[PDB]
Every structure is written in structure tokens, then in C-alpha cells.
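Here you get one chain, nothing else, as C-alpha cells; it is the form deposited in one PDB entry.
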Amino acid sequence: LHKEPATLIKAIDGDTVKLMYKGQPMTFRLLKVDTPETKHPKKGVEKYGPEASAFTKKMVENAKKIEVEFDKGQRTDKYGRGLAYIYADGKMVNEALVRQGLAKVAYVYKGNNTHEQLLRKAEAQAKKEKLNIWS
């Protein structure tokens, strides 16, 4: 897989960021992470939903370099968002969120499974530490 350069346009949610990619604005859904809701008709705002959003925002806004890394499977979801691993100064946002106990790993099954073990590792550790969503 390969990392492609991008520019932050706007942090949108814990699991979604808008970036300038290949010179055009595009919204990206972070692959394999399942964050708590912050804007949901039903249920509304889930616990740790705002914290997850704050974490992703701070991580991408403080980054000097943002990179997009598509996996081997489908590259866009039904809402037209690109499906990728997003990196901030070489650190993967998807993994950092999971490691902090601010997202669970999601099984998606559309051919995007490259970093499954890595994310499951971060997730088991956050759980062992009873961090945030695992507290």
C-alpha cells in the first residue's frame, strides 16, 4: 500500500475528515474504526462521542503532513467518502483513536483488511487499560 499526500480542509467527526486530495476536496471515512455518535437522530450523542471527535480534530489540525493510504479493497463508501487509513506526521489516526479507547475496530469485509492485526493490537491494549469506552 502507499501513502499519498493531502491537505486538511476540515475535521468533521471522530471518524471522518475532509481533505484536499489530488487537488480536489474529498471527504474521508477512517477505515476500520467505529467511534461513538455525536450527531444522531436516534440516541443523539453517545458517551465518548465528543471526545473521539476532539481527538481526531486535534490530531489532524496539529499535523504538519497529512497522508491518505487506501487499502486493497473498495475505496469509497455509499455516501461517497473515500475509505482509507489517515496519517498525521507519519502516525495513523485510525490506530491512535483505537489505542486511546476512543473507537472500536470494525469488521467491514470489502477487501480492506491490511491493518486488522495492528488495530486489534491497539484495541486489546486500550481494553486491558480499561480506557475511555472500555472503562
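All residue numbers are counted from 1 along the displayed sequence.
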Ranked by mean Cα B-factor in the entry, 77-85 and 42-50, top stretch is 42-50
If you average the CA temperature factors as listed in the entry, which stretch comes out higher, 16-24 or 107-115? 107-115
By its CA B factor, does residue 37 count among the lowest, middle or highest third of the modelled residues in the chain? highest
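There is another form of this protein, the form deposited with a small molecule bound, and it is not shown here; the text below is about that form.
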Non-hydrogen atom within 4.5 angstroms of the small molecule in the bound PDB entry for each of 52, 102 and 134: no
Taking 4.5 angstroms as the cut-off for heavy atoms, does residue 78 touch the small molecule in the bound PDB entry? yes
Does residue 37 reach the small molecule in the bound PDB entry if we count a contact as any heavy atom within 4.5 Å? yes
Wondering, does residue 60 line up within 4.5 Å of the small molecule in the bound PDB entry on heavy atoms? no
Flag residue 83 as yes or no: does it have a non-hydrogen atom within 4.5 angstroms of any non-hydrogen atom of the small molecule in the bound PDB entry? yes
